[PDB]
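Student: Please read through the structure below; I'll follow up with questions.
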Amino acid sequence: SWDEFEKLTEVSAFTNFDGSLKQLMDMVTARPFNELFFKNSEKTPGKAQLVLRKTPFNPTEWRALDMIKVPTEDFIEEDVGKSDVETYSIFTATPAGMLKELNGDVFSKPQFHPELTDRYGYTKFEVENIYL
Amino acid sequence: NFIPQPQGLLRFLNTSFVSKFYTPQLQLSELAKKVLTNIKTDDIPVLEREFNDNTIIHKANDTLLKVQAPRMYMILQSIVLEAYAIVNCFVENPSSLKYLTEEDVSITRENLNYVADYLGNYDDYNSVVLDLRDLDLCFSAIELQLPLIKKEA
Amino acid sequence: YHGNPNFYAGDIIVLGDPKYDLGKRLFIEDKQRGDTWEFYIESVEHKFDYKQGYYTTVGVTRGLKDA
Amino acid sequence: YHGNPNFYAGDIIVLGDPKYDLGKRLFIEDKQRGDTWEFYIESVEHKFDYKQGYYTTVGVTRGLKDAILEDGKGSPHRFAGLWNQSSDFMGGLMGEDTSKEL
Amino acid sequence: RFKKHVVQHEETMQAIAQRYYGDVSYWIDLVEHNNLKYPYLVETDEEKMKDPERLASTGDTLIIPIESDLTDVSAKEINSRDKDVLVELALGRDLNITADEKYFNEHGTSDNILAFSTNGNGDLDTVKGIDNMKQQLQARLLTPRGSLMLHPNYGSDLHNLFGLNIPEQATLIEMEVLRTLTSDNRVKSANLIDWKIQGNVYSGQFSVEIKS
Amino acid sequence: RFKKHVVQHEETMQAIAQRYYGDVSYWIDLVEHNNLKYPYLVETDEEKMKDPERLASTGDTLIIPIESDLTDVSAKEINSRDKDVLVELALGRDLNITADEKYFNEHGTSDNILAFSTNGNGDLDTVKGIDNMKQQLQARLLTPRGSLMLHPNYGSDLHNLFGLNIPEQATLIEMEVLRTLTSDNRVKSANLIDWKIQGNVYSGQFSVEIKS
Amino acid sequence: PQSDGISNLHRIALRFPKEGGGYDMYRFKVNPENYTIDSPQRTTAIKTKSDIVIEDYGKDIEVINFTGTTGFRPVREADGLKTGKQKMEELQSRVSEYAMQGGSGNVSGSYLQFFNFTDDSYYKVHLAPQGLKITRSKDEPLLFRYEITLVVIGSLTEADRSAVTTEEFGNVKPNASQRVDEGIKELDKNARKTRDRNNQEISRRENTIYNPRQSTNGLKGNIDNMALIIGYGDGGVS
Amino acid sequence: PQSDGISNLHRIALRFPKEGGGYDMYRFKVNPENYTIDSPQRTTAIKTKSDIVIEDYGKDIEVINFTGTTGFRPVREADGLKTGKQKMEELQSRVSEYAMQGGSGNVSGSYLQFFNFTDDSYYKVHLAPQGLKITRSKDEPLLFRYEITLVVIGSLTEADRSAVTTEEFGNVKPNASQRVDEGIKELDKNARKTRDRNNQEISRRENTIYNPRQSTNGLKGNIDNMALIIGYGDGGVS
Amino acid sequence: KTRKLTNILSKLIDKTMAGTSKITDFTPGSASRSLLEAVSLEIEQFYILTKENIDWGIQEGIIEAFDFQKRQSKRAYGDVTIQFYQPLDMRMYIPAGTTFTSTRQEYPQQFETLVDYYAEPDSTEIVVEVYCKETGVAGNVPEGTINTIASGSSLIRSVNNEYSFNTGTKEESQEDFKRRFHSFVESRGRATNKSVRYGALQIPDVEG
Amino acid sequence: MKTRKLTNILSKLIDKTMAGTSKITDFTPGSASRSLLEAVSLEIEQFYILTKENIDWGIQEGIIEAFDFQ
Amino acid sequence: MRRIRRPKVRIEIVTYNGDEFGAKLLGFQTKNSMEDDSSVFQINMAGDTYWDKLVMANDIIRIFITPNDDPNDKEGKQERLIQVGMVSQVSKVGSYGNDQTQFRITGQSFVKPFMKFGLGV
Amino acid sequence: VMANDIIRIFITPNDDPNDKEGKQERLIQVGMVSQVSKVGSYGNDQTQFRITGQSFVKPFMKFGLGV
């Protein structure tokens, strides 16, 4: 994961009242910054593996993923297209909820594009990271 | 990383008639020698409870073989050490399994038959022989399977 | 996440094979007009039955052309 | 509620009759292999139509096998060995006791 | 299981591996299975005199393990220990009871027929290899289906089929014989070769695809 | 790939671009492939005498790359200077082993036939172009299917197809030859043109549609 | 064999399973007028946008169907003199008995055995869903007609799939597991609790066909037998 | 060929795969009574308000179906003297061998070769879903009729898909990447960590048939080995 | 440490392309590709030979310098004499694989010949070596046990081995050899309590 | 078994090749035969180097195994 | 040319023999998706044997699929595992009006232990 | 068809020359497209393109008054 950007953590075991380990696993993952899923172990056939890696949307990490080819000869049916269901202009990664602007240091520092906000003005996307 | 041993087993382990078929030789394996030195020197953890009323508990100590036939009692200690030694490595710390060889178990079974036949004369103490016969076939499986295990691992 | 519009997403029913796995990058070449496509796999659903063939769904998201 | 696993539940489409009612105990004998079953009714859905027959659903829950018909005894295996045997709940079972090994 | 092979004129081990596995690179496992030094194949037979166990020449038998057991170290060790005698493990070894075939054939289905025997001296006779399989098949055929005290449905109903010599009885006997032989997993299948009915005694022969 | 073209009398580059690529606007990039100065096409021969390398006239050969490779800068750079060498590079280069063309025809399906030769001075002979393709096809046809030590399934079963010179055997041989010729992806397809069997000798011919 | 001139014709005969064991050899006195056999395949074809895909899964269940009529004049029988009507009634009774008794999902005994002597072939068959259809129209008033459809289970040459005798070398019923279970049952509750504690401790320290000869699968059985004859802790391990 | 002008026509033949290498064939002694070849097309037409739209997606499966019988009289064979019944039984056995152990076990041959000498056409075929169908009617006391449906894999002239050779000009194996991976395996933990950090640093400030001859595809592969062996940072970059 | 087929072949092709511009085709069946593949395969064979030799050296060579020799399983062998009824008149053929069996009921052992042998017309008594069909001590047999030959030739009168076979050495794992070597090494220690205690055990009467 | 540089092996191989004929003496860098011989000599040199390294590693492993001084 | 495919499914089970279990296979489904926080698969079984008394819950089942022919030496000859998980449900299924019955088994890919293990208070 | 385009639909109820009251070319709906996707089941040998949108609810719905 992003070791450099993440500081020391003190994540508690009982963060979720009588919750499953999956619920506590979600807090540690800090999605969408890290991807977690169960898949077959290609390197070691015959057993499963738990994957926890930084998101592949980075340029170099995108290149790291193995590539798979498939021609149109194997296509039975297709349903693919664009969609404006997800649309955000301002993005930020706030720290844990304990810190607050009024009684503490800086709380957030979002980012945006001047041309993007014209079509969708002040559309925010907030994510809380427990690591920070 | 060792399971604490029972007090009775720890006390037991830390120290004419002849059969025509099988005879002993009073030979100790290299692996058995190392375990004896470790227990003799290092203070291994031990348990405090004695719920398990089997094995040497009230059978190996209750019998009069300790005072009547001390030489026979030495054979039983050797089998226990060899039995404990092979169980030690497989359960935990398998690095010590390298020293074991086929001849180590072969002599142990011969010793078991000799003491087992002698105990057959006594009618009261057949309970000890009940476990030895079951243990006798256990060593034979290891004898016919130990060479394959080392090469596989 | 700023480029959510103009990307391509959906589901694809490719021929049933085990090569496809979750989280793997998918490359598609279109012979209809000599086009190229790229996709990221997020979901797969396999269906095996002797009644009719053997299929394998390949869910995709964040697609783009000219790969 | 400790015996939720190993019980049998689902829905059954029996022949349409009015004898079945909610909350009634259901006894089933299997002629396929000479087996016996027991069930507790929790839901029933009736369907009457001259187009096709007349059916009656019988929802069941908390089922078990090897039933007995005498005086509504039911399955003796229902009251298993873990039915009454238990103990009070306290810590020291996992993680708590590792630091107290003085 | 395995496949027998005979070395051709100056044949190459890599060619053998390619033929029997497709991929040439698996030859490294095959030589380890056979337990051979670097001179895997030598045209001159005199060179084998130096290290006969660890050197193969033209016409020497070789063992070709299946693809699944290629990389299994235990399979390698067992095949090395049992070079050229690996068939015995599958078919097995058992005590020999066919003391004299000239005598018990006439009696056929009846009691007090077979008995153990001793071959050589001291050591009790044991039948191994193809003879063991033939003995097991013959014993299974002769025994009734429901005679033994355990695991019933073992044997055949041949003794109930004696009667009219009409063709349908012959076909029933053929089907019963084929059913009895196919009951053993060690036999892949069986089929008739020729049938003959002359006089008042049925005659016939069968072939079985014995593995290995 | 690239389609060969010959400059026609009183023809312009715009018409040449429009005929093949459809849109005349592509001519701006097509000239860079040919590596020509502003006088792209000139009828006067003495005008080309000043700089024949960087000029073209009537009867000269042009290069027409496909649309996909038209925009590639690497294709432009390679086609600018190689000119006639593109066909040789497109079909590849390989060592020539037809030392005795008269001899190898006399021994079909026979080993130890082909060998290297020498052409020029002090260098092993090499083959290129359509000759290389024909040599490779002939070697593939002569090579048996399962003889090579690596990448198996290369060759044909021509040695096994000798028989009673009956029509069905002739059609089987035809199909085997067609499959052998069509194995290479470079060749499009093949088809028999004539059949002739008289006595105990099989004769025939085939046509292959080689790309470009 | 058919009526090829070398050997006389042999008529088709059935072999049903009797309720009290054995089989009854039912034989037709007239061969079926029509005989049809089907061999469907499980091949499936799916059209992709750029190529056709051909996929096969193997041989499908075969179907045997035939139709015929019984004889009119009386014909002698091996144990009586049965006319055509009696033969047809006996066939119907046998079919009804075989169908009714199969109320337990499937009869544990053998299936219907079909013997086709007209051409050399044998099959194991079962009653098709079409069943035994019997009719008698105005035409041919005194001749019955029967229509039978069947589904092939497998060749009669091969035995039942589940009844095949495996190799069963060594010992499939090892004594080590049995005596380990007996010892564990004989142990006290505290001993089993300590055994569970030791197993949990060993699990924490993980990180951070049976034959005594030439086999390693039974290694744990020998070790699991130990740790009870020798007090390796207050209870066994693994 | 045919019977007019040209010499006597050759009968239809079938080629099947022999298990122990080689091939075995089957020639019909009697030409089929019926022969139907279906060559449909996978195209759909849908009309809009004021226009017609036509779309096609290639050729459809060419289904071959024919029906024939076997002569009762004998005829010379390559080995032995087989009559019509024996020929039909052998055909059934071959079809069962191709079909019964197709989805189970293994069959060496991947397809069947269908020869039409009379029609002068050749195809590679597989058993259709309908499969073989054998029947004997009322008016055939001794004859046997066979009906078979087939699906064409493709033209027999073309080679197999698995036995196709590409152009493969230049080196196919990128040895540079192979030796880069081999060298990286020997690197220590700190070297790999520094390599990851350098890759992240380069990644976050970006925007602001191997053959060196006549190509540039294998550019960065060579740089990776040179950077690793020389050392651009503790671990390397890219 | 050791290379592979692809690792050698790809480097060979890369060097071939780099050195010269006259070769660009590397399709299957090419003469150049075939030569490179053969060279790579032979180099891989040499690599595996080196690896096996180094493994043997690790197992045995380093300790064998101290005069200690390891026991290697081998086929039992020895000289066998054959007697003819009369002197030979023509050269006789004895191809390899001639099976030998023992008529004694207590000895089911068998032997065979590895290489061909020939008896000249003038010769009357020939000595031929035989090798047991099984390894280990099973091939050992006392003198005069075979008494028969499987060829069934009428010229041969009797056959017997003049000396007992004793070369069928058993298989001993290197664990025992290493243990005995270590015990020998430890016994050479001087001025130590354990060494002094061991030195007192040489006398038979010194036990406790 | 001794280390030998690429040039000496290449020269020896070229000298051996020239025996029996004189239609080969042209070894410019553009010649393909020179490239093939260079590749072969490079592979042989790498084999010798790896053999020496593996011999040293085997000596170390034997020293480890004999006295058990891991 | 048109590709030929001969699927051959193999099933392995670890706590009845796995090979016998795999013989009675009829079909299966495997729903894996990153969008949701759970992966689930279903297996359809024949009614030849009474699986209700044999397949105890929480058992592990492995599935292997053969893509194409073995002797053809295709790249598909890899016996790649398609999915492995823990069963959590078995139930009889059958519509006797249609004269057919089936056994259905479903489970999740090792999400059951973490999901069920609740860190209580 | 780039996204967010405006499409107007007009429907002719009945015949033009008949002089019915339906001859009004009344607009049925107008809105902003927000999705376009390929659709097709090649097993049936048919494909279609589907476009959907909302009647001017997209701008207000997407325009979020942030903080």
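By order of appearance in the structure tokens: chains A, B, ..., then residues from 1 within every chain, and ligands from 1 in the order shown.
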Can you write out as a Markdown table which residues of chain K fall within 12 Å of chain D, alongside each residue's closest atom pair and its distance in Å to one decimal, counting only C-alpha atoms and ordering rows by chain and ascending residue number?
Tutor:
| residue | atom | partner | partner_atom | distance |
| --- | --- | --- | --- | --- |
| K:49 | CA | D:33 | CA | 11.7 |
| K:50 | CA | D:33 | CA | 10.1 |
| K:52 | CA | D:8 | CA | 10.6 |
| K:53 | CA | D:65 | CA | 10.8 |
| K:55 | CA | D:6 | CA | 11.8 |
| K:56 | CA | D:6 | CA | 9.2 |
| K:57 | CA | D:6 | CA | 8.7 |
| K:58 | CA | D:5 | CA | 11.1 |
| K:88 | CA | D:5 | CA | 9.9 |
| K:89 | CA | D:5 | CA | 9.9 |
| K:90 | CA | D:8 | CA | 9.9 |
| K:91 | CA | D:8 | CA | 8.7 |
| K:92 | CA | D:10 | CA | 9.8 |
| K:93 | CA | D:10 | CA | 10.5 |
| K:94 | CA | D:12 | CA | 10.6 |
| K:95 | CA | D:13 | CA | 9.7 |
| K:96 | CA | D:13 | CA | 10.5 |
| K:97 | CA | D:13 | CA | 11.2 |
| K:119 | CA | D:94 | CA | 10.8 |
| K:120 | CA | D:91 | CA | 11.0 |
| K:121 | CA | D:91 | CA | 9.9 |
Student: Going by DSSP on the backbone, which bits of chain I are helix (DSSP H, G or I)? Write them as a PyMOL selection string, please.
Tutor: chain I and resi 5-19+31-64+136-139+174-187+193-200
Student: Can you spit out the residues from that selection as a JSON list (two decimals), in the first residue's frame, using C-alpha atoms?
Tutor:
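Produced file selection_22.json, reproduced below:
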[["chain", "number", "residue", "atom", "x", "y", "z"],
["I", 5, "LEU", "CA", 16.94, -23.77, -23.34],
["I", 6, "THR", "CA", 15.01, -20.54, -23.98],
["I", 7, "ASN", "CA", 17.53, -18.43, -22.04],
["I", 8, "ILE", "CA", 20.32, -19.62, -24.36],
["I", 9, "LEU", "CA", 18.35, -19.71, -27.62],
["I", 10, "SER", "CA", 16.98, -16.18, -27.26],
["I", 11, "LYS", "CA", 20.43, -14.74, -26.51],
["I", 12, "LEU", "CA", 21.84, -16.64, -29.49],
["I", 13, "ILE", "CA", 19.15, -15.22, -31.78],
["I", 14, "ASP", "CA", 19.70, -11.70, -30.41],
["I", 15, "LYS", "CA", 23.46, -11.93, -31.01],
["I", 16, "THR", "CA", 22.84, -13.32, -34.51],
["I", 17, "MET", "CA", 20.54, -10.41, -35.37],
["I", 18, "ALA", "CA", 22.91, -7.83, -33.87],
["I", 19, "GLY", "CA", 26.08, -9.10, -35.54],
["I", 31, "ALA", "CA", 18.50, -24.18, -40.92],
["I", 32, "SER", "CA", 19.91, -21.38, -38.75],
["I", 33, "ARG", "CA", 17.17, -21.84, -36.15],
["I", 34, "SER", "CA", 17.70, -25.61, -36.17],
["I", 35, "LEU", "CA", 21.44, -25.17, -35.65],
["I", 36, "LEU", "CA", 20.89, -22.69, -32.81],
["I", 37, "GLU", "CA", 18.34, -25.00, -31.16],
["I", 38, "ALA", "CA", 20.74, -27.96, -31.39],
["I", 39, "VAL", "CA", 23.57, -25.89, -29.91],
["I", 40, "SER", "CA", 21.33, -24.66, -27.08],
["I", 41, "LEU", "CA", 20.15, -28.20, -26.34],
["I", 42, "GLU", "CA", 23.72, -29.52, -26.23],
["I", 43, "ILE", "CA", 24.79, -26.64, -23.98],
["I", 44, "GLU", "CA", 21.87, -27.45, -21.68],
["I", 45, "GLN", "CA", 23.03, -31.07, -21.60],
["I", 46, "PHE", "CA", 26.51, -29.89, -20.60],
["I", 47, "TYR", "CA", 24.99, -27.66, -17.91],
["I", 48, "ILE", "CA", 23.03, -30.58, -16.45],
["I", 49, "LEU", "CA", 26.16, -32.75, -16.59],
["I", 50, "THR", "CA", 28.06, -30.08, -14.64],
["I", 51, "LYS", "CA", 25.24, -29.80, -12.11],
["I", 52, "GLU", "CA", 25.11, -33.57, -11.56],
["I", 53, "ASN", "CA", 28.90, -33.76, -11.24],
["I", 54, "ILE", "CA", 28.88, -30.94, -8.68],
["I", 55, "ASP", "CA", 26.11, -32.69, -6.74],
["I", 56, "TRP", "CA", 28.17, -35.90, -6.69],
["I", 57, "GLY", "CA", 31.19, -33.92, -5.51],
["I", 58, "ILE", "CA", 29.18, -32.33, -2.71],
["I", 59, "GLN", "CA", 27.82, -35.72, -1.66],
["I", 60, "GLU", "CA", 31.04, -37.78, -1.75],
["I", 61, "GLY", "CA", 34.13, -36.02, -3.07],
["I", 62, "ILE", "CA", 34.97, -33.71, -0.16],
["I", 63, "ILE", "CA", 34.96, -36.53, 2.42],
["I", 64, "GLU", "CA", 36.38, -39.27, 0.16],
["I", 136, "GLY", "CA", 21.54, -55.88, -3.60],
["I", 137, "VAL", "CA", 22.57, -59.03, -1.76],
["I", 138, "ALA", "CA", 19.81, -60.99, -3.50],
["I", 139, "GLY", "CA", 22.24, -61.76, -6.34],
["I", 174, "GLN", "CA", 24.73, -40.74, 3.59],
["I", 175, "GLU", "CA", 23.34, -40.02, 7.09],
["I", 176, "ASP", "CA", 25.21, -42.97, 8.61],
["I", 177, "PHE", "CA", 28.39, -42.06, 6.73],
["I", 178, "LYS", "CA", 28.21, -38.46, 7.97],
["I", 179, "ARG", "CA", 27.52, -39.65, 11.52],
["I", 180, "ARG", "CA", 30.51, -42.01, 11.52],
["I", 181, "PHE", "CA", 32.75, -39.32, 10.03],
["I", 182, "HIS", "CA", 31.67, -36.84, 12.71],
["I", 183, "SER", "CA", 32.23, -39.44, 15.43],
["I", 184, "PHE", "CA", 35.73, -40.06, 14.06],
["I", 185, "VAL", "CA", 36.38, -36.31, 14.02],
["I", 186, "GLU", "CA", 35.16, -35.83, 17.60],
["I", 187, "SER", "CA", 37.29, -38.71, 18.91],
["I", 193, "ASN", "CA", 36.20, -34.13, 29.78],
["I", 194, "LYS", "CA", 34.18, -36.07, 27.19],
["I", 195, "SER", "CA", 37.31, -37.12, 25.28],
["I", 196, "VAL", "CA", 38.97, -38.29, 28.51],
["I", 197, "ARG", "CA", 35.83, -40.24, 29.44],
["I", 198, "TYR", "CA", 35.78, -41.85, 25.98],
["I", 199, "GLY", "CA", 39.46, -42.78, 26.24],
["I", 200, "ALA", "CA", 38.80, -44.77, 29.41]]
Student: For chain H, list the residues within 10 Å of chain K, counting only C-alpha atoms, and write the list as number ranges by chain.
Tutor: H: 61, 102-111, 124, 126, 152-156, 158-163
Student: List every residue of chain L that DSSP, applied to the backbone of this structure, places in strand (DSSP E), and write the result as a VMD selection string.
Tutor: chain L and resid 6 to 10 27 to 41 46 to 54
Student: Emit the selected residues as a PDB file, in the first residue's frame, including N, CA and C atoms.
Tutor:
ATOM      1  N   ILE L   6     -29.384  17.397 -27.187  1.00  0.00           N
ATOM      2  CA  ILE L   6     -30.832  17.560 -27.092  1.00  0.00           C
ATOM      3  C   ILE L   6     -31.469  16.907 -28.307  1.00  0.00           C
ATOM      4  N   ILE L   7     -32.486  16.081 -28.068  1.00  0.00           N
ATOM      5  CA  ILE L   7     -33.231  15.397 -29.119  1.00  0.00           C
ATOM      6  C   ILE L   7     -34.706  15.724 -28.944  1.00  0.00           C
ATOM      7  N   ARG L   8     -35.349  16.132 -30.037  1.00  0.00           N
ATOM      8  CA  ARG L   8     -36.777  16.417 -30.075  1.00  0.00           C
ATOM      9  C   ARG L   8     -37.472  15.361 -30.923  1.00  0.00           C
ATOM     10  N   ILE L   9     -38.651  14.934 -30.475  1.00  0.00           N
ATOM     11  CA  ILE L   9     -39.419  13.877 -31.124  1.00  0.00           C
ATOM     12  C   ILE L   9     -40.792  14.430 -31.476  1.00  0.00           C
ATOM     13  N   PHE L  10     -41.197  14.240 -32.730  1.00  0.00           N
ATOM     14  CA  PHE L  10     -42.520  14.605 -33.215  1.00  0.00           C
ATOM     15  C   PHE L  10     -43.191  13.372 -33.802  1.00  0.00           C
ATOM     16  N   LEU L  27     -45.392  17.808 -30.368  1.00  0.00           N
ATOM     17  CA  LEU L  27     -44.200  17.227 -29.769  1.00  0.00           C
ATOM     18  C   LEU L  27     -44.588  16.344 -28.589  1.00  0.00           C
ATOM     19  N   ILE L  28     -43.989  15.157 -28.529  1.00  0.00           N
ATOM     20  CA  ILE L  28     -44.331  14.186 -27.493  1.00  0.00           C
ATOM     21  C   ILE L  28     -43.418  14.321 -26.278  1.00  0.00           C
ATOM     22  N   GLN L  29     -42.142  14.639 -26.486  1.00  0.00           N
ATOM     23  CA  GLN L  29     -41.189  14.743 -25.388  1.00  0.00           C
ATOM     24  C   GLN L  29     -39.883  15.312 -25.921  1.00  0.00           C
ATOM     25  N   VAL L  30     -39.191  16.055 -25.061  1.00  0.00           N
ATOM     26  CA  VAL L  30     -37.863  16.585 -25.351  1.00  0.00           C
ATOM     27  C   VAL L  30     -37.019  16.458 -24.092  1.00  0.00           C
ATOM     28  N   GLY L  31     -35.757  16.070 -24.260  1.00  0.00           N
ATOM     29  CA  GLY L  31     -34.890  15.881 -23.115  1.00  0.00           C
ATOM     30  C   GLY L  31     -33.433  15.823 -23.519  1.00  0.00           C
ATOM     31  N   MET L  32     -32.584  15.631 -22.511  1.00  0.00           N
ATOM     32  CA  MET L  32     -31.135  15.611 -22.667  1.00  0.00           C
ATOM     33  C   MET L  32     -30.650  14.174 -22.545  1.00  0.00           C
ATOM     34  N   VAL L  33     -29.946  13.693 -23.571  1.00  0.00           N
ATOM     35  CA  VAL L  33     -29.391  12.346 -23.524  1.00  0.00           C
ATOM     36  C   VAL L  33     -28.271  12.291 -22.492  1.00  0.00           C
ATOM     37  N   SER L  34     -28.144  11.132 -21.834  1.00  0.00           N
ATOM     38  CA  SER L  34     -27.111  10.930 -20.825  1.00  0.00           C
ATOM     39  C   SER L  34     -26.468   9.548 -20.901  1.00  0.00           C
ATOM     40  N   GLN L  35     -26.760   8.752 -21.929  1.00  0.00           N
ATOM     41  CA  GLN L  35     -26.188   7.416 -22.033  1.00  0.00           C
ATOM     42  C   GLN L  35     -26.396   6.837 -23.427  1.00  0.00           C
ATOM     43  N   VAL L  36     -25.342   6.250 -23.990  1.00  0.00           N
ATOM     44  CA  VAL L  36     -25.405   5.535 -25.260  1.00  0.00           C
ATOM     45  C   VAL L  36     -24.559   4.277 -25.125  1.00  0.00           C
ATOM     46  N   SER L  37     -25.080   3.155 -25.621  1.00  0.00           N
ATOM     47  CA  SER L  37     -24.407   1.875 -25.446  1.00  0.00           C
ATOM     48  C   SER L  37     -24.774   0.923 -26.572  1.00  0.00           C
ATOM     49  N   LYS L  38     -23.795   0.124 -26.989  1.00  0.00           N
ATOM     50  CA  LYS L  38     -24.049  -0.954 -27.931  1.00  0.00           C
ATOM     51  C   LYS L  38     -24.877  -2.044 -27.263  1.00  0.00           C
ATOM     52  N   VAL L  39     -25.761  -2.665 -28.038  1.00  0.00           N
ATOM     53  CA  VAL L  39     -26.558  -3.796 -27.577  1.00  0.00           C
ATOM     54  C   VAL L  39     -26.664  -4.800 -28.713  1.00  0.00           C
ATOM     55  N   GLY L  40     -26.550  -6.081 -28.379  1.00  0.00           N
ATOM     56  CA  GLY L  40     -26.684  -7.118 -29.381  1.00  0.00           C
ATOM     57  C   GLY L  40     -26.472  -8.520 -28.851  1.00  0.00           C
ATOM     58  N   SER L  41     -27.340  -9.438 -29.267  1.00  0.00           N
ATOM     59  CA  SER L  41     -27.229 -10.862 -28.957  1.00  0.00           C
ATOM     60  C   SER L  41     -26.924 -11.573 -30.271  1.00  0.00           C
ATOM     61  N   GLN L  46     -28.602 -10.240 -34.323  1.00  0.00           N
ATOM     62  CA  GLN L  46     -29.259  -8.942 -34.294  1.00  0.00           C
ATOM     63  C   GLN L  46     -28.544  -8.051 -33.289  1.00  0.00           C
ATOM     64  N   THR L  47     -28.443  -6.762 -33.618  1.00  0.00           N
ATOM     65  CA  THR L  47     -27.819  -5.776 -32.747  1.00  0.00           C
ATOM     66  C   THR L  47     -28.596  -4.470 -32.828  1.00  0.00           C
ATOM     67  N   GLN L  48     -28.492  -3.671 -31.768  1.00  0.00           N
ATOM     68  CA  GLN L  48     -29.200  -2.401 -31.683  1.00  0.00           C
ATOM     69  C   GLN L  48     -28.386  -1.426 -30.846  1.00  0.00           C
ATOM     70  N   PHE L  49     -28.690  -0.141 -31.019  1.00  0.00           N
ATOM     71  CA  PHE L  49     -28.111   0.940 -30.232  1.00  0.00           C
ATOM     72  C   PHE L  49     -29.218   1.604 -29.427  1.00  0.00           C
ATOM     73  N   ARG L  50     -28.981   1.776 -28.127  1.00  0.00           N
ATOM     74  CA  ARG L  50     -29.961   2.330 -27.201  1.00  0.00           C
ATOM     75  C   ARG L  50     -29.441   3.639 -26.626  1.00  0.00           C
ATOM     76  N   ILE L  51     -30.297   4.659 -26.628  1.00  0.00           N
ATOM     77  CA  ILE L  51     -29.993   5.973 -26.074  1.00  0.00           C
ATOM     78  C   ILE L  51     -31.117   6.353 -25.123  1.00  0.00           C
ATOM     79  N   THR L  52     -30.751   6.897 -23.962  1.00  0.00           N
ATOM     80  CA  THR L  52     -31.717   7.291 -22.946  1.00  0.00           C
ATOM     81  C   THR L  52     -31.311   8.628 -22.345  1.00  0.00           C
ATOM     82  N   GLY L  53     -32.297   9.317 -21.782  1.00  0.00           N
ATOM     83  CA  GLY L  53     -32.067  10.625 -21.197  1.00  0.00           C
ATOM     84  C   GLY L  53     -33.247  11.033 -20.345  1.00  0.00           C
ATOM     85  N   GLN L  54     -33.165  12.257 -19.823  1.00  0.00           N
ATOM     86  CA  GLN L  54     -34.193  12.828 -18.963  1.00  0.00           C
ATOM     87  C   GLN L  54     -34.598  14.199 -19.487  1.00  0.00           C
TER      88      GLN L  54
END
Student: Please list as a list in words every residue within 10 Å of residue 113 in chain A, counting only C-alpha atoms and excluding residues in the same chain fewer than 6 positions away.
Tutor: residues 89 and 90 of chain A; 2 of chain C
Student: Convert the current residue selection to file output with C-alpha atoms, as an mmCIF file, in the first residue's frame.
Tutor:
data_model
loop_
_atom_site.group_PDB
_atom_site.id
_atom_site.type_symbol
_atom_site.label_atom_id
_atom_site.label_comp_id
_atom_site.auth_asym_id
_atom_site.auth_seq_id
_atom_site.Cartn_x
_atom_site.Cartn_y
_atom_site.Cartn_z
ATOM 1 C CA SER A 89 -15.789 17.934 -9.936
ATOM 2 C CA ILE A 90 -14.126 18.440 -6.524
ATOM 3 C CA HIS C 2 -12.399 12.855 -12.974
#
